[PDB]
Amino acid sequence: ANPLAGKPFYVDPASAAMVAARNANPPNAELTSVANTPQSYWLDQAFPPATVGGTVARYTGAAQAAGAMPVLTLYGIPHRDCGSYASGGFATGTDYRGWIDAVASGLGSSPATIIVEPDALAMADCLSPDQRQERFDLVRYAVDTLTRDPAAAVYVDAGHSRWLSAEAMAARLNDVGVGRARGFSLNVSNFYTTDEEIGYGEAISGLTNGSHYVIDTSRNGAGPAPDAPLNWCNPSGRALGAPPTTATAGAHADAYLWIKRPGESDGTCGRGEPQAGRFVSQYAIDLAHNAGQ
């Protein structure tokens, strides 16, 4: 059955969006809307192996106390973003493995939804063959270790419908043990329509023994900006998409989620914009305004 059905997704009470909505003077309808919508909580190399267990236990326990399903995104892979606007990740595979162990320790047997490494498999060809193999091994390690929490619904990130082909991505998913996870994620931090992503997801599902998927609908209400380089990097004219739900239109689509947090910058984007991940109230307002709110 769909592990995501049956309770609301957790609204993070401490998100930058909540802080902005509470501080708004006068109150702002767009910030409030965004702030009250459940998103995902992103963890990376700022949360070292030594302590991330406690961070995870705290967040999943808080979500359980709220009667809700926490969504956590892991974004610590070595050579992350191939050193572009969202550069970072742990220094080595050894560090990354210790990080995954600590995250798993914090999960215990608690309910959680885990999005594993946005872009990692899709971007892997920027690496040398040896480094690419290591990356696949690390994503497979995440799957094998995290799924030891029976109550973790694990979705390995699989890019989007205009990145790798369904066949190419399915090969990579099968290589990293997608069969042990619940499935895969699509459209993370991107803008493609839900319909387009459903067709792509059902194709990958067909090639991965019926695996299930989630789609990031945080910013896809108006589809993507015109085809261009960096059309994914703080594009204007985009809108909030469907709020998180399990009432989807795909046979193997477990949920629409907001994985990316609306309002956060995608990077400097060659325009001196705020660093990737920094909350920009104006960006959240624009996305909400464009959706008619």
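Residue numbers here begin at 1 and follow the sequence given.
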Higher-scoring stretch by recorded Cα B factor average, 187 to 195 or 133 to 141: 133 to 141
Stretch exceeding the other in mean C-alpha B-factor - 215 to 223, 202 to 210: 202 to 210
Top Cα B-factor in this entry, restricted to 147, 165, 113, 105, sits on 105
Checking the record values for 121, 170, 74, 153, which has the greatest CA B factor? 170
Grab the CA temperature factor for residue 98 from the record and place it in the lowest, middle or highest third of its chain. middle
Lowest, middle or highest third - CA B-factor, residue 31: middle
Lowest, middle or highest third: where is residue 256 by Cα B-factor in its chain? lowest
Ranking every modelled residue in this chain by its Cα temperature factor as given in the entry, which third contains residue 109? middle
Chain-wide C-alpha B factor ranking for residue 236, given as lowest, middle or highest third: highest
